[PDB]
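Chains as they are written, first to last, in the deposited numbering: chain 33, 17 to 73; chain LL, 2 to 238; chain QQ, 2 to 99; chain WW, 72 to 183; chain TT, 15 to 160; chain YY, 60 to 105. Each residue gets a CB set at the ideal place from its N, CA and C atoms; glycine is no exception. Written below as structure tokens is the structure these notes are about.
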Amino acid sequence: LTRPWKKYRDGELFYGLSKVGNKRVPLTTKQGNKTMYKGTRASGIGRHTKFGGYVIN
Amino acid sequence: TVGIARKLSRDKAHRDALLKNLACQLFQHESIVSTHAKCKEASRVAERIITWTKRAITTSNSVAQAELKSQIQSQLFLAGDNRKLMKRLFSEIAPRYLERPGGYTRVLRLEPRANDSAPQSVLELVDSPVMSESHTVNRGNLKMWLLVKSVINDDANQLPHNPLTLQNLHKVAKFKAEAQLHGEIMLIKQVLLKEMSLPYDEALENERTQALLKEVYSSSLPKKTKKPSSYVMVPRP
Amino acid sequence: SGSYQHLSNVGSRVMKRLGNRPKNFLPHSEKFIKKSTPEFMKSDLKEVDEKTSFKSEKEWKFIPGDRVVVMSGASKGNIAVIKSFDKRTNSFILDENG
Amino acid sequence: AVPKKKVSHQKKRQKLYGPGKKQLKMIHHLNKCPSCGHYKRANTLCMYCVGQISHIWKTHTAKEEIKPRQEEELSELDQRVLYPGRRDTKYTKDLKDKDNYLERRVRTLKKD
Amino acid sequence: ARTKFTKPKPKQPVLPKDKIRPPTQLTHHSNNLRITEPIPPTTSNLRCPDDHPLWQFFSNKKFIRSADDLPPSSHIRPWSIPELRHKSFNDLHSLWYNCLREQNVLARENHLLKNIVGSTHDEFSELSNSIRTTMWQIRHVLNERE
Amino acid sequence: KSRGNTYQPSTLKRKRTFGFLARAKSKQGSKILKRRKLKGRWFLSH
RNA sequence: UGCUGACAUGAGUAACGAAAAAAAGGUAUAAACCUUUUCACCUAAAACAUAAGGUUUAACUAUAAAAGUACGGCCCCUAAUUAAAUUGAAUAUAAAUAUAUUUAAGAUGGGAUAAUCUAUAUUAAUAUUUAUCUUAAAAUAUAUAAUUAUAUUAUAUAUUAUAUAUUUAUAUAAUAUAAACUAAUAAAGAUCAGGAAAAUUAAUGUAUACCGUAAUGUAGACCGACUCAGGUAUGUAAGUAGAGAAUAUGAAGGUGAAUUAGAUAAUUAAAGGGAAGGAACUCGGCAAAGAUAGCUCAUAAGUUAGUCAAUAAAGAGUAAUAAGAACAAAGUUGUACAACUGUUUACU
RNA sequence: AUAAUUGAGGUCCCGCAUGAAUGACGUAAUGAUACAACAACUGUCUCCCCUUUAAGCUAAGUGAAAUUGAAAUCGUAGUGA
RNA sequence: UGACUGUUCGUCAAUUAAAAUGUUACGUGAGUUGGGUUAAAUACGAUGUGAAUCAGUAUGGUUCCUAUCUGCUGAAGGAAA
RNA sequence: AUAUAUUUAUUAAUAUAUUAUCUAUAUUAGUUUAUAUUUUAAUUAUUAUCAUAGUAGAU
RNA sequence: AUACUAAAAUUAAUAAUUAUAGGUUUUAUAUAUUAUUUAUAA
Ligand SMILES: [Mg+2]
Ligand SMILES: [Mg+2]
Ligand SMILES: [Mg+2]
Ligand SMILES: [Mg+2]
Ligand SMILES: [Mg+2]
Ligand SMILES: [Mg+2]
Ligand SMILES: [Mg+2]
Ligand SMILES: [Mg+2]
Ligand SMILES: [Mg+2]
Ligand SMILES: [Mg+2]
Ligand SMILES: [Mg+2]
Ligand SMILES: [Mg+2]
Ligand SMILES: [Mg+2]
Ligand SMILES: [Mg+2]
Ligand SMILES: [Mg+2]
Ligand SMILES: [Mg+2]
Ligand SMILES: [Mg+2]
Ligand SMILES: [Mg+2]
Ligand SMILES: [Mg+2]
Ligand SMILES: [Mg+2]
Ligand SMILES: [Mg+2]
Ligand SMILES: [Mg+2]
Ligand SMILES: [Mg+2]
Ligand SMILES: [Mg+2]
Ligand SMILES: [Mg+2]
Ligand SMILES: [Mg+2]
Ligand SMILES: [Mg+2]
Ligand SMILES: [Mg+2]
Ligand SMILES: [Mg+2]
Ligand SMILES: [Mg+2]
Ligand SMILES: [Mg+2]
Ligand SMILES: [Mg+2]
Ligand SMILES: [Mg+2]
Ligand SMILES: [Mg+2]
Ligand SMILES: [Mg+2]
Ligand SMILES: [Mg+2]
Ligand SMILES: [Mg+2]
Ligand SMILES: [Mg+2]
Ligand SMILES: [Mg+2]
Ligand SMILES: [Mg+2]
Ligand SMILES: [Mg+2]
Ligand SMILES: [Mg+2]
Ligand SMILES: [Mg+2]
Ligand SMILES: [Mg+2]
Ligand SMILES: [Mg+2]
Ligand SMILES: [Mg+2]
Ligand SMILES: [Mg+2]
Ligand SMILES: [Mg+2]
């Protein structure tokens with residue numbers, strides 16, 4: 017019994033309110049494949065190096 | 002395999018483990034609450050365990066005691082809090098019932114639990130020690146606590162004791178010493194009267210307890226025929 | 002009531018729609034707010050939108066501080082000093098004599 | 072294996088409320104508690120009287136709480152800087168409100 | 015598989031006592047080592063200064079300003095565009111950052127109120143908005159001047 | 060075998076073949092983008 | 001078999017979805033939540049780390065901490081491939097557009113330095129898959145520099161004592177269990193003949209960007225209408241025993257379930273045993289039962305010469321002579337069709 | 001071949017209505033293909049019996065479905081779309 | 001009661017007093033089985049230019065139901081005795 | 001080893017109770033085992049659970 | 001006796017008679033060692 021105050025089935029979900037809804041919301045940083053990179057307009061300084069680093073300008 | 006004992010809707014291994022756990026837990030504590038069916042079966046196995054210990058204590062045949070000591074071990078889980086169970090059984094539980102021919106446990110019915118209407122009953126060891134080395138009331142002897150409370154109820158209400166309370170007190174007094182019965186009843190009186198916020202007079206309670214026990218231990222069998230029967234034993238012509 | 006919403010503006014479209022309800026259907030929401038509040042912060046006057054809330058002192062015919070005579074109420078004939086505006090029901094909060 | 076016609080009001084009612092077995096029976100086996108003094112079921116025990124005795128056992132054979140020596144020597148300031156307050160979730164908050172889904176037994180009526 | 019015909023495996027080889035290299039360690043931990051209760055860290059060992067810069071994030075070293083402490087709305091008014099026109103760049107710069115510093119303080123109080131208490135008093139929010147008005151009025155004056 | 064699990068999610072494929080740029084950078088994609096806009100749809104693309 | 005809304009009958013009936021639980025206390029409010037103990041299940045997982053996915057569901061709002069040295073993305077480079085991009089007049093075409101060349105994008109791939117911790121920038125000059133076989137020799141046991149048999153064939157770092165620039169590094173010499181297993185060159189067998197792309201010095205320089213980080217992830221936290229016995233990628237996966245990741249237990253961990261408590265009628269499903277017969281059953285030995293080694297020997301006819309037949313059937317050696325876990329292991333023959341290994345009607 | 005065989009194998013040939021890459025014929029191995037025979041084995045059967053677990057039954061909680069013109073919904077004979 | 005056949009039928013073997021004839025939706029699939037019969041696959045003989053077809057042949061091949069009423073087998077409660 | 005009583009002189013010993021039979025280094029990289037090294041890291045007896053009721057013989 | 005029901009047995013504790021289930025005792029059955037042995041003393 018996940019919720020001791022709900023002994024019988026009342027339609028309540030395991031978590032949240034609805035299992036369905038819109039999926040066309042804009043992407044964010046925390047979600048996507050490991051190769052995704054959203055960014056936060058917080059770095060326009062320097063130049064990526066050829067090896068894969070950074071150089072602050 | 003059919004009719005020997007309740008199946009409890011469990012397999013042989015699960016059922017056996019449950020009874021052993023229940024009997025062992027009955028020993029570690031003094032009274033436990035469980036379903037009526039479980040309590041009855043646990044009562045059966047618990048009584049047999051005590052009897053084996055008594056026979057082992059009393060017997061003079063080395064082989065007899067040696068194998069009984071082993072059989073008792075088979076029907077217990079000696080782990081966790083019951084590691085020292087066997088020594089406790091041989092030192093405390095067994096000597097309490099050396100002169101009693103059976104009936105070391107009693108089952109009293111309680112009201113069913115509201116969740117599933119499952120009948121519930123209390124399994125307790127008869128003649129449990131009310132007092133402790135610390136002079137504090139410990140668990141067990143639910144019947145004795147209730148009996149004293151009924152005595153308190155009659156005393157506070159100024160009514161005579163019911164024949165059933167006297168009879169139950171008589172049953173308790175058969176295997177108990179007079180002084181020990183007097184002392185334990187007084188201790189229960191002080192604790193209860195404190196709980197209900199009632200006056201507790203040591204001298205008055207002592208006199209009342211003396212009056213009660215004198216009635217219990219008195220030997221007055223002839224009470225004549227209580228009711229004039231509409232039937233008469235007549236010799237056959 | 003931890004939501005972190007005050008620190009950002011997310012859901013501009015939905016917020017605008019909720020806050021710009023059609024005026025024909027305001028009675029739908031008015032019932033909701035009324036039934037869901039205690040009696041000791043509710044007034045029996047209709048609310049005013051930002052476009053229907055008087056701002057110029059000209060519309061505010063009586064600025065607080067001047068004695069007024071109350072008509073059309075259980076306090077008919079009373080004289081009292083308006084103490085403060087309301088800014089939500091577009092009304093005047095009157096003193097003890099009111 | 073399906074109903075061929077809708078069951079009328081008459082047939083439904085006499086099927087459920089007709090027989091004596093389907094209808095619940097008056098409780099005639101009630102006695103007076105020798106100790107409590109109130110109503111109780113026959114051949115059973117008074118729950119209140121049993122409950123209060125169990126309470127006596129609990130308070131007289133309770134294990135002292137383990138309160139480590141380290142904690143009681145901390146000032147209020149050190150407790151705050153070292154054990155800050157935290158917020159609870161909806162599930163956790165609801166669980167603590169145990170008075171909304173748990174309720175105690177009802178004291179039985181008194182029998183004269 | 016372990017069939018009944020299996021025979022025990024031979025014991026592993028053992029190095030003779032005359033060739034076993036002595037271990038590089040002979041002594042080891044102490045066998046009289048007992049468990050002691052944990053010792054909490056105490057702030058009595060600290061010297062948190064009274065001039066610490068983070069104090070600028072609080073108003074008179076107060077957790078959250080009450081109604082009385084907050085500046086009343088009647089007694090206050092944001093700057094006016096003409097008033098800022100009579101100010102030098104350095105002074106306008108000074109005003110901007112003073113506005114920002116109190117904006118940080120008010121933001122800290124709004125967040126604490128709206129994330130724990132949940133009240134909608136928004137007295138701090140209104141004060142921040144009034145400062146925000148002055149901030150853009152400063153920005154307008156500078157652009158018009160340039 | 061059992062069916063019903065035809066949609067196996069993947070953000071890369073879902074965005075690459077149904078995303079906004081996956082349609083804004085093609086004649087046919089743009090046409091359906093503007094058709095949804097004219098109908099007044101809130102969510103033009105993925 | 002009209003559309004929509006509300007309410008009936010079936011009916012308080014079927015069902016509550018693989019399952020071990022029990023007592024005491026939080027709490028004189030608990031079968032369902034928390035703690036302690038007992039019991040049990042999973043344990044080459046129902047454990048521990050992860051990938052993708054997802055209404056953040058987490059130990060939560062005071063919340064998932066990175067210069068890099070096993071930390072990934074980001075960045076350089078490209079494969080398959082993509083492109084309203086580039087080329088009087090690149091070519092073609094009713095429009096849409098297609099084709100060829102360039103350019104750009106595109107990981108599922110490649111990218112020096114590093115615990116004696118390391119320094120990526122600017123300027124100037126010039127490798128498919130696959131095995132470690134045999135001889136040799138050292139060393140060892142019985143025998144007499146000859147012979148039989150035997151672990152080893154290469155590296156992985158500590159100690160002792162010496163020589164070099166001078167207690168920091170190298171070199172030398174001696175000592176130091178077995179079974180698995182790891183990355184690196186070595187050596188070499190077959191044809192099915194085994195990716196693409198982006199320099200060194202000399203000087204100067206480095207104030208270390210942004211994003212990922214919770215928990216679930218063989219599932220109550222994803223795809224399956226459901227807190228659905230279905231589908232879902234990777235590495236460890238204690239020991240004992242074994243050829244083994246089989247099978248048996250289970251150290252540690254996790255776990256024991258939105259259904260409970262009694263008798264277990266007729267009957268149903270999944271299992272155990274069964275006298276005397278032993279296929280008489282049945283369309284039809286369907287189902288069920290049947291294993292006298294699992295190691296070492298031995299192993300016929302036919303035959304395309306391939307221990308194909310063949311793991312041949314029966315048989316033998318090792319304690320077993322009445323039996324006592326689990327797993328592997330289930331006969332012979334004739335005929336029709338097809339050479340054989342394979343593919344096919346997702347769901348008869 | 002069995003006590004007894006419309007099934008199986010061998011053989012004979014008025015082949016209603018075989019025949020050579022819509023390949024013809026005989027083999028070895030292979031086949032979860034189809035039919036038949038022998039040994040063992042057994043609850044398939046003579047002939048069913050006992051036992052265990054989950055349901056079925058009872059009590060507490062939650063609570064569907066196809067169906068339904070209205071029903072106060074018996075037997076036999078006759079009649080009758 | 002067995003062997004043969006999907007067979008009812010029929011031939012045969014061994015018994016008995018006898019191994020009778022029918023109706024009951026050629027009784028009985030909301031009781032079981034499903035070997036024949038037929039749908040999707042495939043091949044052979046014949047027909048057709050073929051696609052396909054057959055009072056042909058052969059291997060393989062999906063059904064389900066928690067009982068409202070009648071009726072029946074058992075067991076109760078109410079009742080007017 | 002700790003705690004409580006007794007003897008002895010806070011050491012040592014007796015009685016009782018409780019707790020434990022670990023751990024750490026070396027044998028060339030990792031894991032397991034074995035031995036040596038350090039510590040106090042025991043043998044018996046009788047139970048229990050799992051393997052289809054683990055399995056056979058009885059009943 | 002039985003699905004739940006229903007039937008049947010007991011609910012004695014007194015001046016005297018009554019055993020329903022559990023437990024206890026006795027006898028017996030089963031299981032399987034035992035005369036080389038079990039309890040006692042002299
Ligand atoms: Mg993700
Ligand atoms: Mg078992
Ligand atoms: Mg038993
Ligand atoms: Mg779908
Ligand atoms: Mg695609
Ligand atoms: Mg109509
Ligand atoms: Mg029904
Ligand atoms: Mg039913
Ligand atoms: Mg049911
Ligand atoms: Mg409780
Ligand atoms: Mg395994
Ligand atoms: Mg293992
Ligand atoms: Mg995990
Ligand atoms: Mg590129
Ligand atoms: Mg990559
Ligand atoms: Mg993670
Ligand atoms: Mg993690
Ligand atoms: Mg699942
Ligand atoms: Mg989903
Ligand atoms: Mg364990
Ligand atoms: Mg888990
Ligand atoms: Mg379940
Ligand atoms: Mg048999
Ligand atoms: Mg037999
Ligand atoms: Mg037959
Ligand atoms: Mg037959
Ligand atoms: Mg078979
Ligand atoms: Mg041959
Ligand atoms: Mg097998
Ligand atoms: Mg032939
Ligand atoms: Mg073939
Ligand atoms: Mg094949
Ligand atoms: Mg198929
Ligand atoms: Mg014949
Ligand atoms: Mg046959
Ligand atoms: Mg033939
Ligand atoms: Mg031809
Ligand atoms: Mg052949
Ligand atoms: Mg019910
Ligand atoms: Mg018929
Ligand atoms: Mg017939
Ligand atoms: Mg043909
Ligand atoms: Mg088949
Ligand atoms: Mg297990
Ligand atoms: Mg009586
Ligand atoms: Mg009797
Ligand atoms: Mg008697
Ligand atoms: Mg009895």
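Which residues in chain WW have a C-beta closer than 9 Å to the C-beta of residue i? List them in chain order.
i               : result
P52 (chain TT)  : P139, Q141
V192 (chain LL) : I127, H131
Taking the continuous alpha helix (DSSP H) assigned at residue i, which residues delimit it?
i               : result
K175 (chain LL) : 164-175
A81 (chain YY)  : 80-83
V15 (chain QQ)  : 13-20
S108 (chain TT) : 103-126
Give me the chain YY residues within the contact set of residue i, using Cβ-Cβ distance strictly less than 8 Å, ordered along the chain.
i              : result
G60 (chain 33) : Neighbours of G60 (chain 33) on chain YY: none; closest Cβ ~22 Å, over 8 Å.
What is the DSSP secondary structure of residue i, reduced to helix, strand or coil?
i               : result
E134 (chain LL) : coil
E125 (chain LL) : strand
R153 (chain TT) : helix
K86 (chain YY)  : helix
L86 (chain LL)  : helix
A58 (chain 33)  : coil
Closest to residue i by C-alpha separation, out of the options, would be which residue?
i               : options                                                            : result
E112 (chain LL) : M118 (chain WW), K161 (chain WW), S79 (chain WW), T132 (chain WW)  : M118 (chain WW)
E31 (chain LL)  : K172 (chain LL), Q121 (chain LL), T106 (chain LL), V233 (chain LL) : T106 (chain LL)
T53 (chain QQ)  : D96 (chain QQ), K84 (chain QQ), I94 (chain QQ), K24 (chain QQ)     : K24 (chain QQ)
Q117 (chain TT) : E140 (chain TT), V155 (chain TT), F19 (chain TT)                   : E140 (chain TT)
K215 (chain LL) : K55 (chain LL), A174 (chain LL), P200 (chain LL)                   : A174 (chain LL)
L180 (chain WW) : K76 (chain WW), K86 (chain WW), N102 (chain WW)                    : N102 (chain WW)
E185 (chain LL) : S220 (chain LL), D202 (chain LL), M132 (chain LL), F176 (chain LL) : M132 (chain LL)
Residues of chain WW with a CB under 8 Å from the CB of residue i: which are they?
i              : result
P20 (chain 33) : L166, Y172
Please list, in chain order, the chain TT residues whose beta carbon lies closer than 8 Å to that of residue i.
i               : result
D159 (chain WW) : By Cβ distance, chain TT contributes nothing, its closest Cβ being about 12 Å from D159 (chain WW), past 8 Å.
Just to make sure I have the definition right: I need the residues of chain LL whose C-beta is within less than 8 Å of the C-beta of residue i. Which are they?
i              : result
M97 (chain WW) : Correct list: empty, because the minimum Cβ distance to chain LL is about 18 Å.
At what residues does the beta strand (DSSP E) containing residue i begin and finish?
i               : result
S73 (chain QQ)  : First-last for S73 (chain QQ): undefined, no H or E at that position.
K111 (chain WW) : 110-112
*Who sits around ligand 1, taking every residue whose Cβ is closer than 7 Å to one of its heavy atoms?*
Of all residues, those with a beta-carbon under 7 Å from at least one heavy atom of ligand 1 are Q47 (chain 33), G48 (chain 33), reported in chain order.
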